[PDB]
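Peer 1:
2 protein chains.
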Amino acid sequence: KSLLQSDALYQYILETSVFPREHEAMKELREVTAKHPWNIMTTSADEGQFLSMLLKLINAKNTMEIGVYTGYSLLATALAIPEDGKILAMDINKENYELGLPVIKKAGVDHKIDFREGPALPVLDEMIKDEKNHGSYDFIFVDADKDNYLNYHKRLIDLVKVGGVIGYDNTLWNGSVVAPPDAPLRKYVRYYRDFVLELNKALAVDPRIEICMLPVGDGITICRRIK
Amino acid sequence: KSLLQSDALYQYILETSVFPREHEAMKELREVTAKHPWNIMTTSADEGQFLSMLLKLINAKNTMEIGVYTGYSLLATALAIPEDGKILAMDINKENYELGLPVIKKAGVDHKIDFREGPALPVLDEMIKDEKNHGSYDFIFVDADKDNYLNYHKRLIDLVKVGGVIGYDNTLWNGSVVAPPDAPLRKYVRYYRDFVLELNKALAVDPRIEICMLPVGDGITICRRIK
Ligand SMILES: COc1cc(/C=C/C(=O)SCCNC(=O)CCNC(=O)[C@]2(O)[C@H](OP(=O)(O)OP(=O)(O)OC[C@H]3O[C@@H](n4cnc5c(N)ncnc54)[C@H](O)[C@@H]3OP(=O)(O)O)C2(C)C)cc(OC)c1O
Ligand SMILES: Nc1ncnc2c1ncn2[C@@H]1O[C@H](CSCC[C@H](N)C(=O)O)[C@@H](O)[C@H]1O
Ligand SMILES: Nc1ncnc2c1ncn2[C@@H]1O[C@H](CSCC[C@H](N)C(=O)O)[C@@H](O)[C@H]1O
Ligand SMILES: [Ca+2]
Ligand SMILES: [Ca+2]
């Protein structure tokens, strides 16, 4: 499903504004992923289209992605940034990443990707220690844990430059953020729900960023660093 | 009512992301606009936060607005852009602008507007004649009539520069594609749905832009100029 009022409205957007003129490598990868068990996690085409737009608009060149899976956001990112662009991508799996890596290579853009297998926090902590890494990123996309978002934000805010933009994905969490106390949901969404609400409250109050909650995909909260 | 899954969800977005960080008087003007005698068309609380983000992200300085009325989106733009730059508040026909100018004046940011009254089409045509008004606007937001959109685009595509970004409101027109010819929809909406459906199809195919249909309010299509 989606966050709009009708699956038809959503589709109308896809059929008229996304699928036509959408590279193909995306189409390919989106096809490969459909065969995989956890494909429910791949990000939507409409949202990859928005990310493309945004990347272009802010003319980003150096970026980071936490939560790669298969590679949809990644591919989208690499096809948008300039030829000399660079992306630091982190995921705990890796086998899932290689499942899509063939398509990224087939789009001749895999060279902008530095994949690192393993938990993201450890890495973040080591980067903080080097003052050279501070304010060194144009864009940072966060589509991983959830119970770890606030933790990431603590070091991410010093890694993104003032120019800004950190994207926290899934902030509307399937709407569960307003589900009536009596409408049983999947155990995982019920679990991650407390963290999202908490995450959102913190972001709304954080003086170092500007923020915009866009109901595209499962919701992206765009944060622009102001200090 | 919004275009999202539920009113609650839409409220959540405003409750957590807008009202709190919301600008000064955005609620003033918003309360004012609610006093307007006709109060016919819609005024979304989630647009200001969005244009603000968009505008600062592209570092807009020289912009233009076509279709004011109270000036809500106009205020937002004025507040979001630098005290430096100016806004060619192109025009509108009625003086609902006058009704809100007090607030925009009170928020002291009116010194950026260059309001003009009466049809803009004539004005665009003029501007076009001088080969130097081509690619001189950083951003253009169109929330005018509807049958004039396609007519404006034909001109607007030359007034915006590289990234430029032209935005058009109500591009999803409250749920355009309803149940096939058998839906209980007012004649008023059915009349304009025709121009939207068409506007959408054209925009989706124009090779000079990239576009992106975002579900903010009643729908906003962001167009980035590439050719
Ligand atoms: C970390 O986590 C993450 C997480 C993600 C999350 C992913 C999403 O996919 S969001 C969704 C994108 N994918 C989807 O769109 C497809 C998901 N499927 C759905 O949305 C569903 O169709 C249905 O929910 P539902 O239709 O609303 O139904 P419901 O459970 O709320 O049910 C209510 C009725 O069912 C029925 N009922 C009773 N007991 C049960 C039961 N045990 N089970 C089901 N029904 C019932 C009764 O009649 C209920 O009514 P009442 O008795 O209370 O009056 C599903 C939620 C299962 C990505 C990620 O990557 C970064 C990451 O890291
Ligand atoms: N602590 C952690 N560190 C790094 N990656 C993690 C993580 N916890 C979960 N992940 C990963 O976060 C991934 C993101 S899934 C969604 C995003 C992806 N860019 C896409 O568009 O498909 C999960 O697949 C998972 O393997
Ligand atoms: N030629 C014209 N140019 C601009 N606006 C016009 C117009 N003719 C009529 N209008 C009136 O302009 C109104 C604008 S409603 C715009 C509201 C939106 N929240 C925003 O601030 O962006 C239309 O509903 C219409 O009745
Ligand atoms: Ca996601
Ligand atoms: Ca409007």
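Chains as they are written, first to last, in the deposited numbering: chain A, 21 to 247; chain C, 21 to 247.
We treat Cβ as the ideally placed atom computed from N, Cα and C, and that holds for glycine.
Should the stretch 150 to 164 of chain C be called in touch with the stretch 74 to 92 of chain C, which here means at least 3 C-beta pairs below 8 Å?
Peer 2: The stretch 150 to 164 of chain C, when compared against the stretch 74 to 92 of chain C, does touch it at the 8 Å Cβ threshold.
Peer 1: Measuring straight from C-alpha to C-alpha, what distance separates C:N171 and C:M110?
Peer 2: Their backbone Cα atoms lie some 15 Å apart in a straight line.
Peer 1: When you compare the CB of A:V123 with every CB in chain C, is at least one pair closer than 8 Å?
Peer 2: So, not an interface residue.
Peer 1: Count the other CB atoms, across all protein chains shown, that sit within 10 Å of the CB of C:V225; report buried if there are 16 or more and exposed otherwise.
Peer 2: C:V225 comes out exposed.
Peer 1: Under 8 Å between C-beta atoms, does C:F215 make it to chain A?
Peer 2: By this cut-off, C:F215 is not an interface position.
Peer 1: Would you call the CB atoms of A:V38 and A:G120 closer than 8 Å?
Peer 2: The answer is no: Cβ separation not under 8 Å.
Peer 1: Would residue 248 of chain C be called buried (16 or more neighbouring beta carbons within 10 Å of its own) or exposed?
Peer 2: Since the first residue of chain C shown is 21 and the last is 247, residue 248 of chain C is not available in this structure.
Peer 1: Between C:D66, C:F70 and C:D178, which lies nearest to C:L23 when the distance is taken from Cα to Cα?
Peer 2: When each option's Cα is compared against that of C:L23, the closest is C:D66.
Peer 1: Can you tell me whether DSSP reads C:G184 as helix, strand or coil?
Peer 2: Coil.
Peer 1: Report the three-state DSSP secondary structure of A:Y157 (helix, strand or coil).
Peer 2: Strand at A:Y157.
Peer 1: What do you get for C:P235, buried or exposed, if any count of 16 or more other CB atoms within 10 angstroms of its CB means buried?
Peer 2: Buried: at least 16 other Cβ atoms inside 10 Å.
Peer 1: DSSP on C:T191, reduced to helix/strand/coil?
Peer 2: Of the three classes helix, strand and coil, the one that applies to C:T191 here is coil, per DSSP.
Peer 1: Which whole-angstrom value is the C-beta distance of A:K126 and A:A45, which I expect to be below 8 Å?
Peer 2: A:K126 to A:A45, Cβ: 6 Å. Contact.
Peer 1: Excluding the 5 residues flanking A:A96 on each side, which residues of the same chain have their C-beta closer than 7 Å to its C-beta?
Peer 2: Counting only Cβ-Cβ distances below 7 Å, and skipping sequence neighbours, we find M46, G68, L71 and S72.
Peer 1: If you drop the 5 nearest sequence neighbours on each side, which residues of the same chain put their C-beta closer than 6 Å to that of A:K106?
Peer 2: Result list for A:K106: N82 and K132, in chain order.
Peer 1: Are C:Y92 and C:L49 close, meaning C-beta to C-beta below 8 Å?
Peer 2: Yes. Within cutoff.
Peer 1: Is there at least one non-hydrogen atom of ligand 3 closer than 7 Å to the beta-carbon of A:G184?
Peer 2: The answer is no for A:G184.
Peer 1: Would the beta-carbon of C:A164 fall within 8 Å of that of C:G237?
Peer 2: No, these two residues do not count as a Cβ contact at 8 Å.
Peer 1: Since C:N190 and C:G138 should fall inside the 8 Å C-beta cutoff, what is the C-beta to C-beta distance between them, to a whole number of angstroms?
Peer 2: That belief does not hold up - the Cβ atoms of C:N190 and C:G138 are roughly 22 Å apart, past 8 Å.
Peer 1: Output yes if chain A places a C-beta closer than 8 Å to the C-beta of C:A224; else output no.
Peer 2: Answer yes: the Cβ-Cβ gap between C:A224 and chain A drops below 8 Å somewhere.
Peer 1: Taking DSSP as the reference, what is the three-state secondary structure of C:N82?
Peer 2: In this structure, C:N82 counts as strand in the three-state DSSP scheme.
Peer 1: If you run the structure through DSSP and keep just helix, strand and coil, what is C:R210?
Peer 2: Helix at C:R210.
Peer 1: Using a threshold of 7 Å, is the CB atom of A:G239 nearer than that to any non-hydrogen atom of ligand 2?
Peer 2: No, since every heavy atom of ligand 2 falls outside the 7 Å radius drawn around the Cβ of A:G239.
Peer 1: Taking the beta strand (DSSP E) that A:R136 belongs to, which residues open and close that run?
Peer 2: Run containing A:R136: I133 to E137, per the beta strand (DSSP E) assignment.
Peer 1: Specify, as a first and last residue, the run of the beta strand (DSSP E) that A:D111 falls within.
Peer 2: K106 to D111 is the span of the beta strand (DSSP E), which, as asked, contains A:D111.
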